[PDB]
Ligand code: CLA
Ligand code: CLA
Ligand SMILES: CC1=CCCC(C)(C)[C@H]1/C=C/C(C)=C/C=C/C(C)=C/C=C/C=C(C)/C=C/C=C(C)/C=C/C1=C(C)CCCC1(C)C
Ligand SMILES: CC1=CCCC(C)(C)[C@H]1/C=C/C(C)=C/C=C/C(C)=C/C=C/C=C(C)/C=C/C=C(C)/C=C/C1=C(C)CCCC1(C)C
Ligand SMILES: CC1=CCCC(C)(C)[C@H]1/C=C/C(C)=C/C=C/C(C)=C/C=C/C=C(C)/C=C/C=C(C)/C=C/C1=C(C)CCCC1(C)C
């Protein structure tokens, strides 16, 4: 769409929004790729962060990484234009 | 698929038309002399 | 028989019918001038000279009428925006009707000279053949042109007996026809000094008058007569075409680059005023001077005239049009209604941002916002790409100072994107689109169209000059060569090439 | 790599492929020597 | 500068490039049917 | 420049020009087909840009980390090994071009990888945009 | 000296080989010397590629085109396309070099000091171009020689060590071909197959059994036809049809070998059976499908549902549907869905790629092959820079398939041009107006005006 | 889902100068909206295999067509074909 206010969190800022961003934005955070982020993208829709921490099948070390990356991580309303492109998104460089 | 032929009715014209053209050409050739020559080409028609 | 491309060579040795066809061409040109003026008066809108001047409406001969005095109309209006109670005869309509009558008179004269071709004046008293004493004719015409140039520059331009020429200020705000005193120093060769016009015409008229006296008085040398083929009129044609395309190149340059003879209130601004930020620098200087007097931004930007902000706009750039985007400039972006004011773009932290202006090369330019340092702080994505510095993310807000939207602050993203896309083009204006059904692609000014037409005409007349010089210097071998060429083309047969007396 | 018994003859093997081009140039030189009769 | 592999390259190239012209020159010296 | 970090503590080593040239040649011969320009043609989510190497577990912004990756490559998280998929001296039988690289060769390759961000900056790992 | 100038032959120095048309012995010398040149290039380039061979890199990464030709035939090749010994390549090169010395001596002898015309000294070898019987005898002898060569290939493939079959289970190995396809239906349905996409005419031979069986057929046909031409003279229709002169025969050969050049270029570009990708490298279709297949594997293994991933246009991003209804790889590689490769056919069901076999039946060597082929795609430049034309000068790779295909397409077109030139001149010289129009009797002046 | 996946009138720079209202006539075409329409599927099983988990029959589908990302009216599509599936262990 022409107008979309919830797109500084698709990799343009520090805070990363789930269920609307590609797997490439988890490469900025060490230890969040290609593991962990796979669990985030597979079970995409979340209400907030705690829903991701509970519904995701995260092991204790993965939970330690999640505890390492609380503040640069959020969960907003899902947009189907970005849900369908959370694995490839057409970016390759 | 030989010669792109999938139906056997397609073979009837492909074989038949050259036969008729060969019949006309064979009349023409039977009108000819048809003995060997020693030249680059045959000037007899 | 004659080919189709040689049908006019029948008047080459017929002076009476040569004068007749010249009269017919002159009548056609004068009639075109009159009819073009009448059509432009039919399609001209004199209501708003500030935001809809004559160059926005595609007027072509109206600028040339307004350049040297004719500014009023019988309808009661002037191109300066004033009201004229008593227009007088020499209005736009008066000039057009005078040109139509002149065309008719020249047409009748052409008829007479075509019928009465065998005048005794055109026959040589010595030989009896139809001949023209071209050097003395050139002397007479040079004397006449010197008299006309001196009179124009001494009475018309100076206002001694005449209206003067169009003189504007440095930024095209207050321009009118004024008497012009000549400048005889080196400052008369400043092309943006209108005093140079008067001084040039006076001095060149005097020199041309003296040279015409000389050319009437003195016969040409035999070496120059044989070398330049002065008995043949095609050398006159060749040299005249050469001088004409020289003059066409000169006028093309002075139109494109601008001079005092091509003011921006008649032909529009130049592309180099947009490239250098001429009007932008002037507007910023005025705003800074008003801010130094204790005014706030609203009062400083409200003091900027609408004409000055209208000049600082890329739609008025002559280098933004198209070859086949025909029509007036109002057929493009539209008819300008109002100046919306200067947009100032602020992010969520209050830092000011300026949209980078579109260069004249680019049909489309990406919308990017830079800070005072020059770093990209916000932009608009291309069409649908994932973004990092978008307008919605940075939260860019735009506040307008001056103009119609003075004091208003827009914070919603679609409006901010719209106004940033407008500010990419320069000053933000309001355009009317339903009057002429404007498509939305920029069109060139009369300055640009004049430059295009006359550059191409000069380039083609260079070829014409080459052709006629060739036909002049090679008249004896026009239909081909003979058997006297075979001996000359032998290598080393003669010492000097082409000379039979230098045989080895 | 060549076998070590013949590895010292590598430069000749490197020169060898372009020799037919030298044969073409040799034909041209031979025609130059007879004056292109 | 001086490499035995490069030296042998240049020697072999010189012999190859001068064998044929040597044939032509020697045939021209013996006044053969060149 | 010729000075790249060596250890994870902050130790730096000054590379000889012969090492730089040999590392450039070996990187263009053994890694170029998949790491032209500092990017990855087969996994474009990761690259040889210093930000991607530094923000990794373990961080590959030093000589020893790069040599260890060339000896035992792991995933970006580090828990899973990719020695079957990525060339390594452990998998030199899998990838035949690795069988000629020694420890000094890996040292030169790592020095070239660390040395390129300081040569024509923003073009190493920036893809076709910075060409 | 008469016969070697323009005053005695009518041909200039730049057309001096046409002075050999009626000089049979010197023509034989020229042909034998040229054969020596060809064998010399074979030996010299074979030894050059042996000397430049790096045991670590594959054959297609080193710019070698003759070592792959020997690797097809099973010399020094282990299982999986591994080059284990290059000594037989050296043997081939040295044998060709010595044979080229012999052939060059023969060519020089017959060109310079042998008899100019063989028709009086050795009548069994002398000939006239207009004598159809002797020319057909020579043609039959050469046909039987070619049949013997084809049977040499057959003997190599069936008895002497075998040839490299890239379709052998496990990843390809040198295999004795014991049951060649002698069925004329298959062999001549290859010949009558369409040359367009999905069929490929005879470029689409996908197993060594068909190759060996049809080479048996070619040898039998060539030998039978050679004896046929040794014992017969052309029929009356053939005598009326063709021009009987040396230049006409040359033009016929030129068009035949031009067609062969085109066909070999397409063999090198598309076929991966007679041109295995372990040696010549992957084809363009093979490289694109390798890239798509490796991405498919990396997304099926690392958590991405490839069969339900909608692309940017609503089509398949990884797996899509073919125009004939099969499951093929999605993306821009959908045009290359006709690819058959030994590393993908075990993973291919009756409806295309079987998803269950993709997720279950992958052998690791197929992973290695697909990971190797996806990087060295046949895209290069004349200055040998790898990748697309918008790449930097750091990759040095142009595929041998590209070199062979471009060179032989160039030569096929050039020899079609030569065929047209020589056929036109043969007709004009037979009719007798190859030197220009006769001024005394111009054919056009004796015709009625056309309008 | 929409037929296509994921802000200017690039053609007309003079259209975005009108003042206050620029390129707003060509806004719905510019605003490519990802629209997820809904549909209903009804399938019946004509024959069911007992040895395996296979079933066969016909299906009737009703859904919407391309929206041009929210630029054209979605026409409803009626699809009546055949269906097959296997039921086994999860
Ligand atoms: C494949 C290349 C090739 C071959 C095999 C031939 C062969 C021949 N050409 Mg020829 N030619 C060629 C290319 C070739 N040409 C090209 C490219 C041109 C254009 C420049 C010509 C132009 C040309 C003309 C104008 C004429 C010939 C003629 C001849 C014939 C007589 C040769 C002669 O008397 O030379 C004598 C040459 C020499 C004595 C010097 C060369 C000595 C040898 C051959 C050099 C090579 C030796 C070798 C390196 C050592 C091998 C020995 C072995 C033991 C290892 C001969 C059959 C003539 C002909 O038609 O005769 C009737 C003739 O008039 N040619
Ligand atoms: C088996 C192949 C073969 C054979 C035996 C011949 C034999 C002959 N040709 Mg021939 N030809 C061939 C292939 C062949 N050609 C091909 C493929 C072409 C198309 C390019 C031609 C084009 C051709 C022409 C145009 C002519 C001959 C001529 C001749 C006769 C004299 C040749 C001579 O003295 O050369 C002397 C050799 C040279 C001077 C060396 C020249 C080296 C060239 C310039 C290298 C550059 C080639 C260039 C890159 C190719 C262009 C691109 C291509 C696509 C066209 C002789 C009967 C001539 C003749 O009189 O016929 C009776 C003649 O005029 N041929
Ligand atoms: C399309 C085209 C071709 C390529 C070049 C270019 C792109 C520039 C473009 C230019 C085309 C050209 C050359 C157009 C020419 C237009 C012209 C010459 C128009 C002129 C028309 C003349 C007119 C009305 C004259 C009217 C005069 C009248 C009643 C006089 C009447 C009278 C007479 C006859 C006797 C006395 C009394 C009175 C009343 C005065
Ligand atoms: C045994 C050994 C172990 C490992 C090392 C090593 C590789 C060196 C190897 C050594 C191999 C050796 C010594 C091979 C010997 C090779 C030889 C002598 C090759 C030469 C063959 C000669 C040839 C074709 C010549 C043919 C003649 C031609 C065209 C003449 C054509 C022409 C003539 C007839 C008229 C004029 C125009 C022209 C074009 C010149
Ligand atoms: C099956 C397969 C897999 C891989 C390897 C293997 C060799 C086995 C391969 C092929 C095996 C076989 C049996 C291949 C057979 C190929 C054949 C029969 C090729 C023959 C092509 C015939 C051609 C051009 C004919 C050309 C003649 C033409 C136009 C006409 C000539 C003339 C006539 C007769 C009519 C008028 C015009 C003219 C010029 C006077």
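No Cβ is skipped: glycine too gets one built from the backbone with ideal geometry, and neighbour counts run over all protein chains shown. Please treat every number below as a calculation from the coordinates, not as lab data.
On the given criteria, is residue C:264 within 24 Å of the chain's Cα centre (by Cα) and either more than 14 Å from chain H (Cβ to nearest Cβ) or part of a helix (DSSP H, G or I) (or both)? Taking the combined requirement at face value, the residue satisfies it. Looking across the range G:215-243, the residues that are outside any helix (DSSP H, G or I), within 14 Å of another protein chain (Cβ to nearest Cβ) and away from ligand 2 (no atom under 16 Å from the Cβ) come down to G:232, G:233, G:234, G:235, G:242. Scoring residue B:25 on the criteria (1) assigned to a helix (DSSP H, G or I); (2) more than 9 Å from chain G (Cβ to nearest Cβ) leaves a single failure, condition (2). Filtered by the rule that a residue be away from chain A (no Cβ under 12 Å), touching a strand residue (DSSP E or B) at 6+ places or on another chain (Cβ under 8 Å) and in a loop (DSSP other than H, G, I, E, B), the range G:295-320 gives a lone residue, G:307.
List the residue pairs whose Cβ atoms are under 9 Å apart, where the first residue sits in the range G:184-197 and is within 10 Å of chain B (Cβ to nearest Cβ), the second is in a helix (DSSP H, G or I) and within 7 Å of ligand 5 (Cβ to nearest atom), and the two are 6 or more positions apart or on different chains. Close Cβ pairs (under 9 Å, with a partner that is in a helix (DSSP H, G or I) and within 7 Å of ligand 5 (Cβ to nearest atom)) amount to G:188/G:214; G:188/G:217; G:190/G:202; G:190/G:210; G:190/G:214; G:191/G:202; G:191/G:214; G:193/G:202.
Any residue that is in contact with a strand residue (DSSP E or B) (Cβ under 7 Å, 6 or more places away or on another chain) and either away from chain H (no Cβ under 12 Å) or buried (at least 20 other Cβ atoms within 10 Å of the Cβ) (or both) - is there at least one of those in the range C:357-365? So far as the range C:357-365 goes, yes, one or more of its residues are in contact with a strand residue (DSSP E or B) (Cβ under 7 Å, 6 or more places away or on another chain) and either away from chain H (no Cβ under 12 Å) or buried (at least 20 other Cβ atoms within 10 Å of the Cβ) (or both). Only a single item in (1) within 16 Å of ligand 5 (Cβ to nearest atom); (2) at positive phi is not met by residue G:69, and it is number (2).
Kindly provide the set of residues from the range G:391-424 that are more than 30 Å from residue G:278 (Cβ to Cβ), more than 22 Å from the chain's Cα centre (by Cα) and either more than 16 Å from ligand 5 (Cβ to nearest atom) or surrounded by fewer than 14 Cβ atoms within 10 Å (Cβ to Cβ) (or both), ordered by number. Across the range G:391-424, the qualifying residues are G:421, G:424. Being away from ligand 3 (no atom under 16 Å from the Cβ), closer than 26 Å to residue G:148 by Cβ and within 14 Å of chain B (Cβ to nearest Cβ) is the requirement here; does residue G:256 meet it? So residue G:256 fails the test. Scanning the range B:1-17 for residues that are part of a helix (DSSP H, G or I) and either within 14 Å of chain G (Cβ to nearest Cβ) or in contact with a helix residue (DSSP H, G or I) (Cβ under 7 Å, 6 or more places away or on another chain) (or both) returns B:2, B:3, B:4, B:10, B:11, B:14, B:15. Put simply, of G:64, G:112 the only residue that is within 14 Å of chain D (Cβ to nearest Cβ) and either in contact with a strand residue (DSSP E or B) (Cβ under 9 Å, 6 or more places away or on another chain) or more than 30 Å from residue G:369 (Cα to Cα) (or both) is G:112.
Listed here are the residues, each with its yes/no results for (1) part of a loop (DSSP other than H, G, I, E, B); (2) within 18 Å of residue G:299 (Cβ to Cβ).
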{"site": "A:9", "(1), (2)": "yes, no"}
{"site": "A:13", "(1), (2)": "yes, no"}
{"site": "A:26", "(1), (2)": "no, yes"}
{"site": "A:30", "(1), (2)": "yes, no"}
{"site": "A:35", "(1), (2)": "yes, yes"}
{"site": "A:40", "(1), (2)": "no, yes"}
{"site": "A:44", "(1), (2)": "yes, yes"}
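Going residue by residue through the range C:463-482, is there one that turns out to be within 16 Å of ligand 3 (Cβ to nearest atom), surrounded by 13 or more Cβ atoms within 10 Å (Cβ to Cβ) and part of a helix (DSSP H, G or I)? Yes - at least one qualifying residue is present in the range C:463-482.
Quickly run through the range B:29-38 and pick out the residues that are loosely packed, with under 10 Cβ neighbours inside 10 Å and assigned to a helix (DSSP H, G or I).
B:30
Restricting attention to the range A:66-90, which residues are surrounded by fewer than 17 Cβ atoms within 10 Å (Cβ to Cβ) and facing another protein chain (nearest Cβ under 7 Å)? A:80, A:90 - these are the residues of the range A:66-90 that are surrounded by fewer than 17 Cβ atoms within 10 Å (Cβ to Cβ) and facing another protein chain (nearest Cβ under 7 Å). Taking the range G:394-421, which residues are in contact with a helix residue (DSSP H, G or I) (Cβ under 9 Å, 6 or more places away or on another chain) and not in a helix (DSSP H, G or I)? Residues satisfying the conditions are G:394, G:395, G:396, G:397, G:399.
With respect to the conditions (1) within 30 Å of residue G:24 (Cα to Cα); (2) assigned to a loop (DSSP other than H, G, I, E, B), residue G:281 lacks only one, and its number is (1).
Against the test of being away from ligand 4 (no atom under 16 Å from the Cβ) and away from chain B (no Cβ under 14 Å), the options G:249, G:280 yield a single qualifying residue, G:280. Where helices (runs of 4 or more DSSP H) sit wholly within the range F:24-94, those with at least 3 residues that are within 14 Å of chain A (Cβ to nearest Cβ) occupy F:50-54. The set of residues from the range C:316-346 being over 21 Å from residue C:284 (Cβ atoms) and assigned to a loop (DSSP other than H, G, I, E, B) comprises C:321, C:322, C:323, C:324, C:325, C:326, C:327, C:328, C:332, C:333, C:334. Considering every residue within the range G:326-335, establish whether at least one is over 30 Å from the mean Cα position of the chain (by Cα) and surrounded by fewer than 16 Cβ atoms within 10 Å (Cβ to Cβ). Checked against the condition, which is being over 30 Å from the mean Cα position of the chain (by Cα) and surrounded by fewer than 16 Cβ atoms within 10 Å (Cβ to Cβ), the range G:326-335 yields at least one hit.
Here is a check on your reading of the model: is residue C:429 over 26 Å from residue C:248 (Cα atoms), facing another protein chain (nearest Cβ under 10 Å) and part of a strand (DSSP E or B)? So residue C:429 fits the description; yes. Take residue F:104 and tell me if it is under 15 Å from the mean Cα position of the chain (by Cα) and more than 27 Å from residue G:390 (Cα to Cα). Considered against the rule, which asks whether it is under 15 Å from the mean Cα position of the chain (by Cα) and more than 27 Å from residue G:390 (Cα to Cα), residue F:104 comes out as yes.
Pairs linking a residue in the range D:22-37 that is under 21 Å from residue G:10 (Cβ atoms) and facing another protein chain (nearest Cβ under 7 Å) to a residue that is part of a helix (DSSP H, G or I) and near ligand 1 (Cβ under 8 Å from one of its atoms), with Cβ atoms under 8 Å and 6 or more positions apart or on different chains, are D:30/E:24; D:31/G:13; D:31/G:16; D:36/G:13; D:37/G:13. Residue count for the range C:55-75 satisfying the condition of being in a loop (DSSP other than H, G, I, E, B), touching a strand residue (DSSP E or B) at 6+ places or on another chain (Cβ under 6 Å) and over 18 Å from residue C:307 (Cβ atoms): 2. Taken together, the residues in the range G:376-398 that are more than 16 Å from ligand 2 (Cβ to nearest atom) and more than 12 Å from chain F (Cβ to nearest Cβ) amount to 5.
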